[PDB]
Amino acid sequence: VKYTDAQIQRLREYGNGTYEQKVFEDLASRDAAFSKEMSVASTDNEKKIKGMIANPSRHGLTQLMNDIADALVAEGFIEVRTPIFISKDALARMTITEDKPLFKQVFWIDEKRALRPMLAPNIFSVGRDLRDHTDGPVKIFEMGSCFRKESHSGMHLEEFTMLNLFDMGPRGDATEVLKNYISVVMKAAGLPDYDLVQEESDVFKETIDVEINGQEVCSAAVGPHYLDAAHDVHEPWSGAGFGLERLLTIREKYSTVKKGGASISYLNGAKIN
Amino acid sequence: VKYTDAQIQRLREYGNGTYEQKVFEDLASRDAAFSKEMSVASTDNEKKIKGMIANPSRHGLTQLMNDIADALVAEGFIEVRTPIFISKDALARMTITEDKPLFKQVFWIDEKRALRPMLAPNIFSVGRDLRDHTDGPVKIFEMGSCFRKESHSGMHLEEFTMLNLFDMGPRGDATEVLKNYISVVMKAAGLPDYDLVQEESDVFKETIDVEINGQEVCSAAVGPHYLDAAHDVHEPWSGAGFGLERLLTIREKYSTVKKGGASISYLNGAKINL
Ligand SMILES: Nc1ncnc2c1ncn2[C@@H]1O[C@H](COP(=O)(O)OP(=O)(O)NP(=O)(O)O)[C@@H](O)[C@H]1O
Ligand SMILES: Nc1ncnc2c1ncn2[C@@H]1O[C@H](COP(=O)(O)OP(=O)(O)NP(=O)(O)O)[C@@H](O)[C@H]1O
Ligand SMILES: [Mg+2]
Ligand SMILES: [Mg+2]
Ligand SMILES: [Mg+2]
Ligand SMILES: [Mg+2]
Ligand SMILES: [Mg+2]
Ligand SMILES: [Mg+2]
Ligand SMILES: [Mg+2]
Ligand SMILES: [Mg+2]
Ligand SMILES: [Mg+2]
Ligand SMILES: [Mg+2]
Ligand SMILES: [Mg+2]
């Protein structure tokens, strides 16, 4: 016998070990094991918490954001910060229009505005505007919260942190340039081993995704792209959107994506209550 | 004759000079001066965008956040990140209820959940949970977006960036400790010249506000406080919420708070479109 799915969930809730591989001689020993591992997890949470109080630090997600951001600035990217609110028009330019099922999966603030489910709308707008002021590439990036109505999963959050980098009019082939920037981010994130895959997408038809052990940590694309007309873009470009919680979760080997980011139940992998 | 209230607004929205003090011999002299200052402003905008493209950098608001954050960590504060969503219950435990004006500024996501108008509810929760693990002060801070419905004002945004620091069970008089850590933040922000004032608050009854030239950049409170029972807090505490865009705007001498914050119309003080 093994841990039940319910026991595995409670263990992952409190601990960041691996539990689904244990095998026991009978239910009695399985249950004794469950108590011992809950006790070990709680103790490890105590130790991490006490360690943070004695040796305070910036937040694990903030540290990752700073690590990647400084690497992108070094490559010539301007950091921008854009509103979390976006308009119905901005969504429509992504083809997220009012009669599509997807329209209802965004958090609406009123009849005209919603919480951004992605940074690309604002990034296209800012990048295009900056093109009015330079003849070279427009390189910008943002790191900020996005919001999506999601079903329960160990890798999905209603609020998650996107990194979106945008290189409009790059100095080379857009796809080769994109793979170069993906490499910069992944190395700066401490995750140099990854795979690139072509993945279907309603908004993009197909994306270039970054996967680690089959887990999506990025969707990317290159221009000239069919979305350019709606954004008044008329040049090649390289763009990529990473999920920072997912990167941090995989690197730190957190049992779930809810432990490394924004929370009032966890702090840097530790359960605090 | 002076610039009209509208002329000021327009000059401020493209430029970062100081126009409210200008005086003019007559309406003709005023009007000609409105155009030249528009041209001086547009030119400076362009130089700023061009300067940013040739010298790319972290965002000004981000640099200010990193400066204060590292200073607070150096004083023993743990950085925490909490969700932007908060429950109707959490708001109620802050006494943010139907009768309070702040309640009418709340952005609701559904009938049970809202965009946080402040970080305090989440900070109380995380700080009180950490008290179970230590016999000393619990020192935490968060920097993140808060949301409020606001009328047109050169120092209000619907989405602004709060810094909230929280010292529960401080070592010293909570009010004296509060003033010390206000000093740490203000100096880290490059704004060493400020004053402290007492102000009325519908949530805290009374706050200690930080002002620069009479402009509020922070509201702070101390415990024991009547909000403590609803947060299971049974000890003194020191708490302060800073408006980071207001700090950045005053230090950089931007004309309004919209120029240095989250925007698709401004970037680091410069207007990027018409
Ligand atoms: N709910 C979420 N929680 C955390 N990260 C997310 C979430 N949704 C998307 N991301 C991340 O954001 C990146 C860019 O967004 P996007 O490609 O549109 O997501 P996605 O394709 O819907 N991913 P998925 O829902 O797992 O199939 C993804 O590659 C993920 O790493
Ligand atoms: N709409 C806003 N835009 C930008 N900063 C804000 C906004 N509301 C509050 N702040 C800042 O956040 C701090 C803490 O919030 P709080 O004291 O509750 O605001 P407040 O009392 O309503 N200030 P004010 O609206 O100018 O009278 C304030 O001292 C401001 O520096
Ligand atoms: Mg497991
Ligand atoms: Mg670093
Ligand atoms: Mg995006
Ligand atoms: Mg999805
Ligand atoms: Mg996927
Ligand atoms: Mg994707
Ligand atoms: Mg107010
Ligand atoms: Mg606050
Ligand atoms: Mg202390
Ligand atoms: Mg005030
Ligand atoms: Mg106030």
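Every chain is numbered from 1, with letters handed out A, B, ... down the list of sequences. All values below come from the heavy atoms of this structure, side chains included, with hydrogens, waters and symmetry mates left out.
- Within the model, atoms CG of B/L267 and CG of A/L130 stand 6.0 Å from one another, a figure rounded to the nearest 0.5 Å.
- Of the residues considered (A/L115, A/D132, A/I140, A/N55), A/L115 shows the highest number of contacts with chain B, using heavy-atom pairs under 4.5 Å.
- Contact count versus chain A (heavy atoms, under 4.5 Å) is highest, among B/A74, B/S57, B/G136, B/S265, for B/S57.
- Rounding to the nearest 0.5 Å gives a distance of 4.5 Å between CD1 of A/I84 and OG of B/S145.
- Only the side chain of B/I49 comes within contact range of chain A, with heavy atoms under 4.5 Å apart.
- With a 6.0 Å radius and a threshold of 12 heavy atoms from other residues, nucleotides or ligands, A/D89 has its CG atom above the threshold.
- Interface summary for chain B: among A/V73, A/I272, A/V126, the most heavy-atom pairs under 4.5 angstrom belong to A/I272.
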- For the pair B/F85 and A/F107, evaluate ring-ring contact (aromatic ring centres under 6.0 Å, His included) and give the outcome as yes or no after the intermediate values. CA-CA 11 Å; B/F85 293 171; A/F107 287 104; 5.2 Å; yes

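- When every heavy atom of A/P83 is checked against every heavy atom of B/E159, the shortest pair comes out as CA-OE1, 3.5 Å.
- Heavy-atom pairs under 4.5 Å with chain A were tallied for B/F141, B/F147, B/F77, B/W108; the largest tally goes to B/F147.
- Of all non-hydrogen atoms in A/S125 and B/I264, the two that sit nearest each other are OG-CD1, 4.2 Å.
- A/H59 and B/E79 get closest at one heavy-atom pair: N-OE1, 2.8 Å.
- Across B/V80, B/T134, B/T82, B/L157, the residue that shares the most heavy-atom pairs under 4.5 angstrom with chain A is B/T82.
- Scored by the side chain to side chain contact (heavy atoms under 4.5 Å, CB included) test, B/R251 finds B/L64, B/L191, B/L248 as partners (sequence neighbours excluded).
- Distance check: B/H133 NE2 to A/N273 CG gives 7.5 Å after rounding to the nearest 0.5 Å.
- When the candidates B/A69, B/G60, B/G261 are compared by the number of heavy-atom contacts under 4.5 Å with chain A, B/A69 comes out ahead.
- The environment of NZ in A/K149 is crowded: more than 12 heavy-atom neighbours from other residues, nucleotides or ligands sit within 6.0 Å.
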- Could you go step by step and tell me if A/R81 and B/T62 meet the side chain to side chain donor-acceptor pair (under 3.5 Å) rule? CA-CA 9 Å; A/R81 305 192 65 108; B/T62 294; 2.9 Å; yes

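- Among A/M143, A/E158, A/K50, the residue with the largest count of heavy-atom pairs under 4.5 Å with chain B is A/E158.
- Neither the backbone nor the side chain of A/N45 comes within less than 4.5 Å of any heavy atom of chain B.
- In terms of heavy-atom pairs under 4.5 Å with chain B, the best-connected choice from A/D110, A/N66, A/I109 is A/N66.
- The candidate from B/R113, B/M65, B/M52 with the greatest count of non-hydrogen atom pairs under 4.5 Å with chain A is B/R113.
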